[PDB]
Every structure is written in C-alpha cells, then in structure tokens.
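Okay, here's what each chain looks like letter by letter:
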Amino acid sequence: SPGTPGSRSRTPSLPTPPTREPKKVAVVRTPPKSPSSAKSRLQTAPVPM
Amino acid sequence: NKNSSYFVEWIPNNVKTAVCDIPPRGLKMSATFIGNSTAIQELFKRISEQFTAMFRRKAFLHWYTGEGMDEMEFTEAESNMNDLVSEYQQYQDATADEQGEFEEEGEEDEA
C-alpha cells in the first residue's frame, strides 16, 4: 500500500475464530423403540348339541 | 329371585353353602362371600391395555431383560391375558341350545 516516506507500521489482522462451518448439530437421531400391533381374539366355549 | 340378571341360566342353583356353629372372638354371627362373576373382566381389560401402553414404546423393559428374560416373554404373558378376556366374554350373556335349527333375529336393527 502506498504511503509516507521511511518506516511504516507492521500490522497483521488474521482473525482466529472459525467461520460458519457445517455443524448444523440439531437433527433427530434416536426416537424411542416403538412397535404398533393390531390384535385379535376368538371366543371358544364348549359348543355341543 | 331379585338378582336374576346377575346369574347364569345354564348353572342351576348357584350356591355352595357352609355353616360353622362357632363365630369369631366377640362376634355373634358373620358371613363370608366368594363369587366368580364375569364382571371382574375390567381388571384384565385395563391391565393388558396399561401393559400394551408400555410395550407400544418398550418403556421400562430394560429393567426386565436386565434379569435375562426375552423380549418375547411379555407378549406371551399379555397374550395369555387376552385369551382370559375371551374366557370371561364367552360366558357373558351365554346360552346353551340346539345347533343348525336356528339363526338369530332381534326386534329391530336401526338405531
């Protein structure tokens, strides 16, 4: 950069902290283990004549 | 005679009586019932459901497979309980009558 004659100030400015990055983090992972069941029954008493 | 809607038509004279001369200490006289009614079916209708409510999510189950039983054992035991709901339901309102001679009409169908 152009400027004043003789010695000029010696300045670094690279910011240390990480930028935006791929860590979305909040995703569904483990629902509780859950099976549905249709169920059935059939009445079975003595049935003579 | 009064509670005719509470007894079962195909088991005549529904009583076993016993009678001891000797009362409790301090009692004049007393009675003790035993009854076997289809009306207790509520317990099994509720507990197989309160248990189903657990198996539908497998909730608390790891304390039980934690002693080495199988994940099948609890369905077996509910299913043993479901057939006992059919057991109370099959003597509910029951008849005992001739076969192939009849098929049922009621008095109206429409609500």
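Calculation notes
Residues numbered from 1 in each chain as written, not as in the entry; some residues may be left out. Chains lettered and ligands numbered in written order. Part of a larger assembly, values for the part shown. Heavy atoms only, no water. Salt bridge = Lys/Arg side-chain N within 4 Å of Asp/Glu carboxyl O. Helix = DSSP H or I, 4+ residues; strand = E, 2+ residues; numbered from the N terminus. Buried < 20%, exposed > 50% of the residue type's maximum accessible area, 1.4 Å probe, protein only. Axes fitted to C-alpha atoms, helices over the stretch in contact; angles between N-to-C directions. Parallel < 35°, antiparallel > 145°, perpendicular 65-115°, else oblique. Left-handed = near helix turned anticlockwise from the far one by under 90°. Contact = heavy atoms within 4.5 Å. Nonpolar A, V, L, I, M, F, W, Y, C, P; charged D, E, K, R; others polar. Buried area = accessible area lost by both parts, 1.4 Å probe. Polar contact = N/O pair within 3.5 Å; in protein donor to acceptor, adjacent residues only side chain to side chain.

For this coordinate set, the PDB header names cryo-EM as the determination method and states a resolution of 4.1 Å.

Per the PDB entry, chain B goes by Tubulin beta chain and derives from Sus scrofa.

As annotated in the PDB entry, chain A carries the name Isoform Tau-F of Microtubule-associated protein tau and is attributed to Homo sapiens.

K.L.:
Requested: an account of the pattern of salt bridges, with residues and values cited.
P.N.:
Two side chains with opposite charge may pair up if their charged atoms get near one another. Residue and element names in this part refer to chain B. By the definition in use, this model includes three salt bridges over all chains. A salt bridge links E42 to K45; the shortest N-O distance between them is 2.9 Å. Note that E42 and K45 are positioned in helix α1 (residues 42-55) at a spacing of three residues, about one turn of the helix. With relative accessibility at 33%, the residue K45 sits in the partly exposed group. When the shortest N-O distance is used, the salt bridge between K58 and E71 registers 2.7 Å. Of the two residues, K58 sits in the loop between α1 and α2 (73-91) while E71 sits in the loop between α1 and α2, which places them 13 residues apart along the sequence.

K.L.:
Hey, could you go over unusual backbone geometry for me, with residue numbers and the actual values?
P.N.:
Residues and elements named next belong to chain B. Backbone geometry at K58 places phi at a positive 40 degrees, although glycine is not the residue there. The residue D93 is not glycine, and still its phi comes out positive at about 60 degrees. Tracing the chain through its elements places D93 in the segment after α2.

K.L.:
So what's going on with the packing of α1 of chain B against α2 of chain B? Which residues, and what values?
P.N.:
Residues and elements named next belong to chain B. It is the contact of α1 with α2, at a shortest axis distance of 10 Å, that shows an interaxial angle of 155 degrees. Our classification of the angle between α1 and α2 gives roughly antiparallel. You can see that α1 and α2 cross each other, and the crossing is left-handed. Taking contact as the criterion, the partners of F44, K45, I47, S48, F51, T52 and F55 in α1 are, on α2, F74, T75, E78, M81, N82, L84, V85, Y88 and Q89. When the residues that make up the contact of α1 with α2 are grouped by side-chain class, the tally is nine nonpolar, five polar and two charged.

K.L.:
Lay out the interface of chain A and chain B with the relevant residues and their values.
P.N.:
Each partner contributes to the interface: chain A provides 13 residues, whereas chain B provides 15 residues. Across the interface of chain A and chain B, roughly 1100 Å² is buried in total on both sides, 54% from carbon and sulfur atoms. Across the chain A-chain B interface, the total number found is one salt bridge. Across the pair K39 of chain A and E78 of chain B runs a salt bridge whose closest N-O atoms are separated by 2.7 Å. For the pair chain A and chain B, the number of links is six residue pairs in polar contact. When grouped by side-chain class, the residues that make up the side of chain A that touches chain B number seven nonpolar, three polar and three charged.

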